[PDB]
Every structure is written in C-alpha cells, then in structure tokens.
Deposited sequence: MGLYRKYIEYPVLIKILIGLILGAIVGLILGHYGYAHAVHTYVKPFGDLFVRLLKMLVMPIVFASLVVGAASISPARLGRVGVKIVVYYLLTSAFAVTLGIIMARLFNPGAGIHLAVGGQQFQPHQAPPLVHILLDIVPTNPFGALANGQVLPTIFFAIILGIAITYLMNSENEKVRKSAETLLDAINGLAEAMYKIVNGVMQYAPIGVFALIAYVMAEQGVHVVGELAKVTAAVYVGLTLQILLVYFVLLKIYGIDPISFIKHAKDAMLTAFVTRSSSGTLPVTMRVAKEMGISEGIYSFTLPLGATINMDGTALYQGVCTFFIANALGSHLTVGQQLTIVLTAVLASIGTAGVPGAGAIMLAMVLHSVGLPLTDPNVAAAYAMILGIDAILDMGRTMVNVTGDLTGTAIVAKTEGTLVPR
C-alpha cells in the first residue's frame, strides 16, 4: 500500500460508493455488510481511550504543579469559552445569510450542582471501568501531583516506589500510543465503510430545505476554521498550514467517527508528534473532548433558527443573545459521543421559548434529526480542531 493518504482514497470512494447505493434503496445493504467494518475501526479506537487518557495525564503531572496546570487551566478554559461564544454567533450570521425555513413544517404526528460534584469520582476504579472521562481527568491529575511530591520525599524508599509506579503508568501510556499507530493502518477501510453508511442513509435525504440548512452549517464550519482558527494561530505565530498538515489524522478521524471522545487517542498522538509536552496536551485535549464543542455551538445556533423560521417566530429582533449564551452552555453540556448535540439542542430551544412538546416544533426537530449524522461529521471535526488549536496556542504561551 501507498502512503496514509489512503484515508482520502477511501473517503472519496466511500462517499461515492455510499451516496450511489443509498439512492437505489440499498440503505440496508450497506448497513448489513459495509458498516461492521466501520464499527470495528471505532471499536479499536474506543478501546485505547480509557488507558491513554488516564495514563498520559498522570505522567502529565510531571510539569510544575502550581503553574502550568493552574495557568494552562485558566488559559485553556478562557480559550474554550471565547471560541464557543464566537462559534454560535457565526452560526447565527449563517442562519441570517441563508434563510433555512420558508415552508410550513412538514406534517404533524440535569441539576448542575449535581454535575460539578460528579467531577470528583467516588471510586477511581469504578470511573475507569465505566468510561467517565471527566472524573478520570480529576483523579489522574490528583494522583500525578501526589507522585511528584512523593518523589521529593527525604525517605528514598518512598521515592523509589513512587518512581516505580510512575514508570509503569508511563509504560502503559506509551504502549497505547504505539497501538494508535497500528489502529491507523486499518483507518482507510474504516473510513471507507463509515461514510459509505452515512451517505447511503442520510445523504440521500439532504434535499430541499435540508440542503439549505446543511449548506448554512458547513459554510459556517468553514468560516470557523478560516476566520477563527487560521486567524488565531497566525496571531500566535504558529504556522496554520503546518498545523493542518500535522492535525490531518485527527481531523479526518473526528469527521468520520463523529466521536470527539473516540478520536482522542489519535488526537493526543498528533499532539505528541507535533512536539507538545504531555504537561499541556494530556490535560487540554481530554477536557476539550468534553467541554469544548465549537462546531456544536454553531450547529445549535443555525438549528435554533431553522425551527424558528419553520414556525415563523421572529426570533426576538434583539434578544437572540439568549441563543448565544445558552448555546455555549449546551456546547459544554454536550457529550463527546456521536449524537449528543442534537439531544442538547433541546436546551437552547426552550431558552428561545419553543419546547419539543408543541408538536410542530417536534415536527421540524424530527426533520433536522434525519440528517444529523451528515451534520455531525463536519461539526465533530471542528470540535476536535478547536481542541488542537487551543492546545497549540496555550502550549506556545507557556
């Protein structure tokens, strides 16, 4: 086989092979035969997430405890908020440029505090065994700091055993990085199969008003990359073209998997092999995979308008900053799983005063939901790109 631009060869062919097959009613032919090969690829990547996230972040607390972590924390969080606040606003502009909703809608027919407290796991083993990335992040930092403190103990028996544990954890972290290299050998077949399904199932439904909303989303996602990331990398001195060259693997994976969390092992390997320290990326990237959802903010901003246009609400000629605010909250609230943005979109809809209980909102929401995997691909790719852009920026600041 040639280079690993065979992902592109599988992507273009898979889009064509898919899109054609689904038009001829063979949606279930692709699902029953091609999709399992795409699922295996996701299966392999999900596997690596839990070890790689924990193990790299424990070794991630090699760097200065007060600063770095403290500084990099505030830095990355401030970055994350501002990018998501910009992302929805850009989606609003796209939903005022394109006007997705002339026709009358088809046919008819969490305690917050108890979320913050849930960042602290009550069983680190239980958290590890149950996915649960955010609680793992917390424990891994707390452990990693403790180990560093133990290594400066006057007692050299504690210093030995603390260094021992840290190595064994590092060995495991380093092992998962060697595996993501290997799992990327299957990627072209996995990529091929994954867009093959989405095109041959939801792609043959991107017609009419649904094409208008998808056009509004994707051009907003393109303008997110160019107007925000490409600009923001340029101001920070980091070459935007060398950035995409290095981030190509994680972007394509994020686009195809639609799982920000599932793309994490290949995102962290990209950050490793672009010369960022485990001190920065072991913290920023998993956090970004749960908290920074830029393409979701844009997706929600342009979808709140879709429904409000499809019902004929004026969308408050003034107070659509309620969307902007709430879409940031929804972005953070959104999971790194490959569907949650459409589910979380419900929260920004009740913010604008149109609940899914009114059967005509539900009618238009069900119409958006039919092409969600199409919208998810580009949205997720931007979600991951936002994470890497933020990491690269903050890693240069430090």
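Residues of the deposited sequence lacking C-alpha coordinates, numbered from 1, fall in the stretches 1 to 9, 119 to 127, 417 to 422.
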